[PDB]
Each structure stands twice: as C-alpha cells, then as structure tokens.
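If you want it as structure tokens, here you go:
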C-alpha cells in the first residue's frame, strides 16, 4: 500500500481474573 | 459509563 | 425572596441550589458594566440573548 | 433490597469478583460452549470489570491542560512568527498528538463573497419589473419645463384625496369624526394593499421614487430604513447639510383624462403617490441588460434585467491547508532542546506534508464525517454536476395557473324565465325576471388558465446554474451595455461575463451519462455544490467581517505522534497571512485584488497531559531514555516529490533522472496539475499566485488523470522495465487507447486491459484471479475503484450522414418563443419546429459514431516497482534486488499527454521510505537522524 | 392561529447555518417530518378507527 | 357577495400512532401497578420495581 | 426549576459513595414529563414526544 506498517508492538492483552487490572512492567 | 458487561 | 400569605420573612425547607442565588455567569437580575468600556468579559453583559436562547462571542 | 455492602457482597453479585467461566460449575462452562451457536447462555451471567486502583493516576495537583503563551512573536508583512517554551515537568509525559495552536484574529472577505445563489431582496419579483419610479423627459417638453412621467402602482384604497394626500383613517366623535390623513414618512406602506379580489374602488394612494433616484429593476432592490417605522426617505439637504428633521417626500396627484371624466372645471385626484428619494442599491444583483448606456431614470430604463451575482463561498481550507509553512526555506519550524538549541526538525522541499496528511486521514477514519474542531470537511462534487446524467423530465400532465377568483373572465347576465313553455330557444317565449338580478357574473366555457411545464423549467434552471456558469470563458461574451475589469481573475469580471443557456440545455446529451467535453479540464471543486467548501464557509458566518477562533493541529510527521519526555524545549512555527493560500473560493478568483485580508491577534499552544502516576511515569521515562527504545515514524506519503513543466499544447513530457541508487525503491505515482493552480513552496510569498480555488497539489483533489495515454520506463538507458514481455504493448504502458482494433479496451471506455490490470493490482491487490469489486476498506476516497467512471454517448456521424449541416450556436433554435436569444433574458421568438439536436432514437434516427472516455478524479496513477504488479510487502521484491544488483542506474521516463491550451505541470512522485527517528538520551536533550533510501539528502554534501 | 410568513422571510440568515433562536426551546420531535412517528402512524393506516 | 372572497388553508398535519417501542403502554417503575412473576404456592415476587 | 430561575438544584445525597460511577444530567420541561408513581395524571395534557 501507501506507507502504513508503522504499527504497535505485536503483543496481546495481559491475562486477568475479573476481566481487567494493571500490572505495568511485570 | 452506562454499560453492561457479560459472558 | 418568596413566602408570605401566613409568614413574615427569611426562607426555610427545600433549597433551589445555584451557588449564592443570582450567581454571575449570566444575569438578567442587574445590569453589567464592561472592563474600561472594552467588550471582553467571560460572561453576559445583561443583554436579552436568553429571552430566546442563543449565546454570543466576538 | 440493597442492604449488602463491601467486598464479600460485591463478589457475590459479581460487581468485583472473578469472570463467569471461573465461578460457574465446569460442566455448565462446557455446556455453554457446546450449545453456543443455537442457544447462547452468555447474556445470563454478569462479568465484573474493575478499574486499576493504583499506579495509573497521580493524586498530586497536576493540570491536564496547559496553555503556553508566546515568549516572542513578531508579525511580518505576510508571515507571523511565534516562539514558545514548551516545558514538560518531571514525571509528566506529553504526547504531541494532543498539542494544537489556538489562532484568533479578524478575517475580512472581499465584496466578492456571497454565500448564497439567489437574491435576498425581493426575489418573487419579475426580473423585468422596475419599481414605482418617475423620470423627467421632454416627450413634447421644451426649455426648462420637463414633462414628469410616473410609472407605478397605487395599491391601498382611500376615502378622500385632499392637500394632505390620502385620507384613510377616521377619528372618533369628539367634535364629529375628523379625517386622519396618512403620514408622509411610512403610512402608505408598500406591503399593504387590498385584502380581497373584489375591488375597494374609490381613491387610491401609493409610493414612488424620485427621478433623483436612478432606476434599478425590482429584483434585488434595497434601500435601508431611515425611520424606525421603516420609511426609506432620506433627510432633506438643509443649511446644516444632510442632517435635518425633514424628509424628502412630495405628493403627486393624478386623475383619469377627459373633461367629462371627473369634474368639468375640476380634475380631482383619483391616485396620489408619495414620491421620495431613497438610498437605492443592488447589493447582490447586477444589471444583465439595458437598452440604455447610462443608468439614470428614463422611459427606456424601465426595461432592465437583473440576474443574481455568482455564489462565492470563502472559508479556511480542508484541514487548514497552507496556514503553516511546511516544506519551506527560511520558514522551517523548530523543535529543539532549550539548552542544546540545535533544531530537531528538518523540512525538505521534496516532501509534501500537506498532501501526505490528506492520505493519512483517508485511511484512518472516514472523510465524510465533518469535524468542526480541526475543520475537517473534504472537498467533493455532486456526481450529477461533474457527470451529467440526463433522462429528460417526467412532464406528462400539463400544469396551469388560474385567476384568483378562478372563474376566468365573467360578463353580465340578466335572469329570464318562460311565460309558458311551448319548446324553443326563442319560440317557447322568454321574458325578464325581476326576482333574479341583472348583472350576474357568469363565465361561459372553461375558466381562463395559462400552461407551464414546471418540471421542464425546474431542470432547465438547475442544469444552467451548476454547469453553464462553470463553462470556460471561451463560450462567454460581455453584454452590450456594460464594461468589465481588464483583469480576468476579478469576481466582477466573472459574474459580468454571460454564457448562452443554449450551450448546455436539457435537450443535449439526452439519455446519456456523459461529462461535457469543455468540462473535463475545469476543476470540479470550484463550484457552489462543493459541500465540503460550503460547510467550512458557514462555520464562520454569513458576513464579510468575521472575528474567528480556530484550532489548528500539527501535521509534520516527525513530531505528529512523538511522545516528548521531560525537559524544556523551544517550539517555534510560522503561519501564513497570505489570503490566497489560506482561503478556498468556489470560483477561484484572486482574493488579494478582491479585498480579503486577515490578521492574527493571539496565538497560543495547547497541550494535554495524561495524569499518570509519578511512579509509573518515571518508570516509562527511564525506559524511553534507552537507545533501543527509540521512537520512529514515517511520512505517510513517504516520497520524493518533484514537478516538471509541460509546455502549452505540448504532447510529451521528457523526464530524465541522473544515475541514482534505487535500493529500497517502491513504485511511482503521477498526476497532472495546472501551473496557475499550484503554488510554489520554498517561498514566503509567491506574488504570481493569483488563484485561490481548490489547490490540487496539497488537497489531493486531482482531476486531470485521464489525459495520459502512455508512460514508458527505461533503466541503464537500454532496458525497458515493462519489457520482460509482461504486457500486450510490450515496452510501455498505454493508459488510453483511442483507435482500438485489437480489442484491448476494457470496462466500456477507452482504457487498456493492460492498465486496468496494473491499477487493480496496485490497490485491490487482485486481478490474477478475476476482477471483483474490492472490499469496503480496500477502497477509500482516494482509491482507484470509486472514481473510475466509464461513459459513452452517440453523436451524429458527420461524414456518413448525408443531410448533415453544421449549424452554429447562433443558428440553433429549440424552445423557440419560450426562451431568450442566447442570453438568460426574457423570452423571444415564435413557436416553430426545432432544428438543434439530431435524433438518435426512434424512427428517423441519424447514423452515429461512438465516443467513449472515463474520468478519474482524486486518484493518482501508480505503478508498483514489483515484478508482479502487486505489493505483498512495503519493501518491494525489486527493492531487495538492489542490494546485490545495484550500483546506480539512470532512469528515463517518457510520457505522452493530451494537448492543453494552458500550461500544466506533471507531478511525479517517487515512492521511498522517509524515516524520521528520534531519541532523547537525557532530560531536555533531543536528537534525531533522518534517512531516506533511493532519494535522500546529504548524499553529496555532509 | 396564523403566523406571518415574513417571520421566516426565506431570506433571513441567508448563507448561514444557524437554528432560529425561538426554536431552541421547542421540541423537534413534535414535527410532522419526524420520520419515526410517521412510520408508526401509517402502520395503523389512514383512518381514525383502527 | 362578500363571502365569495374568503381564503382557506389546510389543517396542520397531525400524526398519531403508538409510541417508540410501546413506551408507557405497560406500567413500569410504579408500585400499586407493579408487575409480578413468582412461583405458584410460594408467591415470592421476583419483580421488584423502584 | 421554577420558571425564570437560574437556580437549578441538588444539595442532597449524604450517602456512602462506595462503588459510585458517574453522573448524567439533562433538563426537561415539566409539562412534558408525567408522574409514574401516580396511576393516572389528571394534569398531563401533552401527548408529544416524552
């Protein structure tokens, strides 16, 4: 395409119990 | 805000 | 404010909030006066632009 | 109830517990999965979702918004320079996405401005109607005696006419009923007349204009009130000048001629008029015809015609295009340390940031959603303007007007009854009735009416105003009564030129979908039906003088999405005060001449900070101070952007590029611009830029992509790149083939199969496995598929039709007697057969030829630099054959274009990587390295 | 009741995008061109007695 | 003779029809008109309106 | 809000605010809003959009 591969880390979302939280650098 | 979350 | 019919003067019972009644931000209560006759104010000048609603800003 | 509280009873009700599928019995978990597609149980179990309670927000006093006032500013003559000190505190992280300028000032638009297409004064009036006005002439006069002739109407009744004029009111008893006479100032109002269609007879009074006021047709006539009672009379010129308490109002009385008529020795009034001098004007109309040569008051200046002025919408560009210098010399921005002072922004002249940012928001949301914050509203046209789809009008029922009483013309009738019948229409014997009145108003036969084909004249009107007016000025002529500016870029010249309505009428290219041939080279983002432009114009207001407040974002790619860490930094940017460059027009007239002006008072910088916890903000500060966590961006249109002239009426463009490395080269794109519509960047002021319509160069609103007929590529000066025998024309591309005899044309137009394949592999990325409509996200506003419009029409075969006579515009007639002669003026002529379009349908159809073409608007042609013409990776396969088989080669490209009668440019884009990469190694220090691959700066100097 | 047709001139606020001042305190779902309402009106037909 | 001249204009459009989703056709959020769902031979109401 | 007032009012809940989410606020007109605690309002004279 016209240039767009300028994307995120190809992580996935962090695992949790009760749908959400924050773990930072852990 | 105004929401419902479920399985 | 309001009352008498069987009363004398000075409030009591359920409040109609709006901090310090006749709060600045828009007043039809009493005439304004712009800073040194220069038309910049963060508020209404006491013009009827809210008789039928519409704000203004130059 | 509601009695339970605190954490054990919030995990009992699943406000703050574990998810369903952790608290459910594990038999029901697998049952739910088993049955899921035909009997869902997902909506029956509540899933908790808790916000993080610590280390995501500070509890310290911190603002979420900061306004940086200028530390220095200087206004130039056409630039405004504003510096700031942008500070980021410790444990605060700033994003440059959320920074934007606040610009306030006063904007003036010339008297060219007119955000409407009608007239605001009158407008129900006939365009030939002249007002009530008197004039002086000698019609048999001599000496200093001039006959005074009044044309007018007196609409309201009276009771008497005396020396005090009309007498209409009456006073109550207090010494009889006194007459009340109408006030001179306003009382015989022009809006008050009879309320019945049954006459009020008696006396009549009205208003009139002096002969001191010049005649102007009633249609756009306006005179300001001079009373609070809506009188229009001007004050008399006294001793003390124009200020007096008197008004210039006189009374002129008239009666019906004859001595027998009215008195024998008296000639008492029947009509009275309050003549008055006024401040007559035409604020939005112009006189399109007059027999005279001087505007005054005359019997022949009753006959005048009027037409509204051209709609002209003025307002700031699409995303505030051209309101900041990007890609410029000596007007470069600054972002730098505060101690370091070394600039960390480099702007090149072979970058096109403004165009690039259009293409970014193509791809990162819709451009059909307007946003009033950043002024988004994309230029567009209605596709019933640009391509004329025509189908005639459904008009199979006559439509009529009827008199107000609806009984036509009535005449006197007395009653009669037979004396005693005997049969006969005179032989039964008839005699007068005395119980039936004489003078009954009966109408024999059908009621009076006049036919109008409404549907016909509703599409006649529209078709003229959206097409005919926007024809080139080679089809226009100046009226024989007015003179226009020498300059052709003046509004006054543009609305003064008159176009015959017969050039484009609802009776040519009928039943065809076909853009007109003189409308293929007219920019179609310069019309009043551009609804992006209309939106921007009316988001400022409806008057010339507009104090404004606008919020204008950063667009330069290096710092657009940068996260600026703690430190103090110098930010500086320059803003253009050039009216042409910052205001779009719907006619593209030169606004500098017209009288637009702009100035800035107060420019500030906003910033918005996420209120991150100090602990978590300093963990991220430390991490992004690492040399492996460097922030890297690229230009969306990462390219070398170059222009090359095309001479006037020239058929080829010879393009040659020196020996250059082509390591990591991507495709090319190309489009054709016009020289006058393209401003020169790399200059603070371009004094020869006299355009102000939609700039195709920066707005991405191209429209001359359909004039290309070939392009060819050569490397080494000896090898054709499309020459590995991959095409039906095996050494070049052909875009249009005109004269096809191998059946290479496809898609029901003149465009080759070869090029259709190429431009479906460069976008959709499929054409080797059949052509299909691309998905909804594979095509966008600027994608190829949406703007590709094949079209065809038949016209008479001028060699194989043996009764072909070439009749010119003058000698064409059609709607004879019902439309003006080559002018938007009143009807002329007689009912007569037409002779204009030749039949192409039904019996007696003429022999015809087939003409076929396409339009591509808002699309740049692109050819990928990939062996198979589809890219399966941004770094092409032939970009990586230039790491082993490269040493620099020449590239020569040849192009064949249609002749243009004006100078044009070719815009060739050489698609590269623009790496903008930036690192902070310490607080208040910022560093960068900017590198590009096949075309790059610093490749022959340090 | 009649209203003057000159109180909405059709040449008032011309070339502006702007709601009228006495129409900001008027419910705009009590209009005849409310197209949800006219849908449900005519899904019961044109007669009184349905 | 004078009532030959009269004028007329049509009556205003008025569209009547049932509510958006049948809003207010069932009592909700009322006590005394409160809904009921419960077992038989227990009568423990599992609809509690506020 | 009595008519002609810029005094619009809450100075009420002295609750415990555990698990509180946001607020949402809007202004209505008195004669457009029925009572749902009453079973019939002999005073609701508006059938427009509620």
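Chains as they are written, first to last, in the authors' numbering: chain A, 3 to 28; chain B, 3 to 9; chain C, 1 to 58; chain D, 1 to 942; chain E, 497 to 546; chain F, 299 to 348; chain G, 646 to 695. For each residue, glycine too, the CB sits at the ideal point set by N, CA and C.
field: Contact between the stretch 875-891 of chain D and the stretch 753-767 of chain D (3+ Cβ pairs under 8 Å)
entry: no
message: Could you compute how far the alpha carbon of residue 279/D sits from the alpha carbon of residue 122/D?
response: In this structure, the CA atom of residue 279/D is about 16 Å from the CA atom of residue 122/D.
query: Is the CB of residue 673/G under 7 Å away from at least one CB in chain F?
result: Cβ-Cβ to chain F under 7 Å: no for residue 673/G.
field: Test: residue 917/D CB closer than 7 Å to a CB of chain B
entry: no
- prompt: When burial is assigned at 16 or more other CB atoms within 10 Å of the CB, is residue 27/D buried or exposed?
  reply: exposed
task: Tell me residue 10/D's beta-bridge partners as DSSP assigns them.
output: Note: residue 10/D sits in no beta bridge, so no partner.
- request: Over the uninterrupted beta strand (DSSP E) stretch that includes residue 527/D, give me the two end residues.
  value: It is not in any beta strand (DSSP E) - residue 527/D carries neither H nor E in the DSSP assignment.
field: Beta-carbon spacing of residue 607/D, residue 94/D below 7 Å
entry: Result yes, Cβ atoms of residue 607/D and residue 94/D sit closer than 7 Å.
- prompt: What residue ranges within the stretch 93-141 of chain D form continuous beta strand (DSSP E) runs of no fewer than 3 residues, ordered along the chain?
  reply: 100-108
task: May I ask which residues mark the beginning and end of the alpha helix (DSSP H) holding residue 756/D?
output: 753-761
query: Looking at the C-beta of residue 52/C, does it have a partner C-beta in chain G at a distance below 7 Å?
result: no
task: Would you kindly check if the distance between the Cβ of residue 790/D and the Cβ of residue 749/D is under 7 Å?
output: yes
query: Does residue 535/E have its Cβ less than 7 Å from a Cβ in chain D?
result: no
Nearest candidate by alpha-carbon position, reference residue 530/D, set 659/D, 551/D, 377/D and 496/D: 377/D
Chain E contacts made by the stretch 93-118 of chain D, where a contact means CB separation under 8 Å: 114, 115, 116 and 118
message: In the DSSP assignment, the alpha helix (DSSP H) including residue 581/D goes from what residue to what residue?
response: 579-582
query: By a C-beta neighbour count over all protein chains shown, 10 Å radius and 16 as the cutoff for buried, is residue 524/D buried or exposed?
result: buried
message: For residue 603/D, count the other beta carbons within 10 Å of its own beta carbon; 16 or more makes it buried, fewer makes it exposed. Which is it?
response: buried
Endpoints, beta strand (DSSP E) assigned at residue 662/G: Neither: residue 662/G is in no beta strand (DSSP E) and is coded neither H nor E.
query: Going by DSSP, what residues sit across from residue 966/D in a beta bridge?
result: Outside the shown range of chain D (1 to 942) lies residue 966/D, about which nothing can therefore be said.
message: If you measure between the beta carbons of residue 665/D and residue 934/D, is that distance less than 7 Å?
response: yes
- request: Indicate the three-state DSSP secondary structure (helix, strand or coil) for residue 590/D in the structure shown.
  value: It is coil, neither helix nor strand.
task: Compare the Cα-Cα distances from residue 646/D to each of 688/D, 823/D, 487/D and 896/D and report the closest residue.
output: 896/D
query: Skipping 5 residues on each side, what residues in its chain have a beta carbon closer than 6 Å to that of residue 436/D?
result: 415
- prompt: CB residue 108/D to CB residue 545/D, shorter than 7 Å?
  reply: yes
message: Can you tell me where the alpha helix (DSSP H) holding residue 462/D begins and where it ends?
response: 456-467
task: Report the three-state DSSP secondary structure of residue 619/D (helix, strand or coil).
output: helix
message: Quick check: the Cα distance between residue 24/C and residue 32/C, rounded to an integer number of angstroms?
response: C-alpha separation (whole angstroms): 10 Å.
field: Spatial distance of residue 55/D from residue 37/C (CA atoms)
entry: So the alpha carbons of these two residues sit roughly 51 Å apart.
task: Give, in chain order, every residue of the stretch 22-54 of chain D whose Cβ lies closer than 7 Å to some Cβ of chain B.
output: 42, 43, 45, 46, 47 and 49
- prompt: Could you give the residue range of the alpha helix (DSSP H) that holds residue 448/D?
  reply: From DSSP, residue 448/D is part of no alpha helix (DSSP H); its letter is neither H nor E.
task: Could you confirm whether any beta carbon from chain D is found closer than 7 Å to the beta carbon of residue 531/E?
output: no
- prompt: When you compare each of 942/D, 423/D and 502/D to residue 465/D by their alpha carbons, which one comes out closest?
  reply: When the alpha-carbon of residue 465/D is set against those of 942/D, 423/D and 502/D, the nearest one is in 502/D.
query: Between which two residues does the alpha helix (DSSP H) harbouring residue 33/D extend?
result: Its alpha helix (DSSP H) spans residues 26-35.
message: Please list, in chain order, the chain J residues whose beta carbon lies closer than 8 Å to that of residue 908/D.
response: The question asks about chain J, but that chain is absent: this structure's protein chains are A, B, C, D, E, F and G.
- prompt: Would DSSP call residue 560/D helix, strand or coil?
  reply: helix
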